[PDB]
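Handing you a structure now.
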Amino acid sequence: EXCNXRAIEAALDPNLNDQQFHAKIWXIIXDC
Amino acid sequence: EXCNXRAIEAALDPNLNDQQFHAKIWXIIXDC
Amino acid sequence: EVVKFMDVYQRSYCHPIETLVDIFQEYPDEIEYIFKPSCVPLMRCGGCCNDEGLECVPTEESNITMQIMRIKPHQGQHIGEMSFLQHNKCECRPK
Amino acid sequence: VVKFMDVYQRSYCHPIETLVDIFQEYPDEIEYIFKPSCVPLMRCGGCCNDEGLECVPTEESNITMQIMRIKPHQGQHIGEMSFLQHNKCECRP
């Protein structure tokens, strides 16, 4: 759904890197 | 293990062929 | 706890199975962008026809659609949908 | 349309059923023929989504199956075989 929201906005962050973004989304998968 | 019985016995038949043997196990795969 | 011959045969016999395929293999062309994930789950033909003169081919097939990140390095990254081919049926047929 | 989140989660590196050729797992005897010629095995699959990372099995076990070993014109017997399975997979340098 707000979960898939979070996972997309995570993924669009240019200023991140693969492993940081990896962590960020696998919080939204850890939770949602 | 009856079903698997028939399935092993069929497979041990030397006088059969690939496609006939195939049919025979699949007669028991017709049941179980 | 040893798996019985009949179950091994049935489970490994020719059939559509989930298969993780690299997106670059479904799209060998282009390759300007980069894909996250680099691989996607797709139903494909797997198994054995248990015959010498038979190979396993898809008879019926459909189209699945997934949200993937297409990324041009230093040029930016956008999200979109892509369509992949999946296999709904497989059979053992001659060649 | 499958959501990015589900695609990401479901395609991320992990053990998956994989149909492997028995001849690939036992190249040493091409003499016999196996029925079935291929077998289901849990193996490493997916992607680590990094350039400098590969997916390797961490935990590994052993599975045993009834298979037909067949010597053409020399006879055919049924028996047990042991294959390697992957119980866990990790993304590592």
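Going from the start of the chain as shown, residues are counted 1 onward.
Recorded method is X-ray crystallography, 3.1 Å.
Each Cβ is built from the backbone N, Cα and C atoms, and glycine gets one as well.
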Swiss-Prot annotation: C:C49 disulfide-bonded to which of C:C90, C:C92?
C:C92
Report, as a single number, how many Cβ atoms besides its own are within 10 Å of the Cβ of C:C56 (disulfide bond).
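Within a 10 Å radius of the Cβ of C:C56 (disulfide bond) lie 18 other Cβ atoms.
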For C:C45 (disulfide bond), which of the recorded positions C:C14, C:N63, C:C92 has the nearest Cα in space?
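Looking at Cα distances from C:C45 (disulfide bond), the smallest one goes to C:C14.
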Considering only the recorded positions C:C49, C:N63, C:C90, C:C92, which fall within 10 Å of C:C14 (disulfide bond) when distances are taken between Cα atoms?
C:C49, C:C90, C:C92
Between C:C92 (disulfide bond) and C:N63 (N-linked glycosylation site), what C-alpha distance do you get in Å?
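Distance (Cα to Cα, whole Å): 22 Å.
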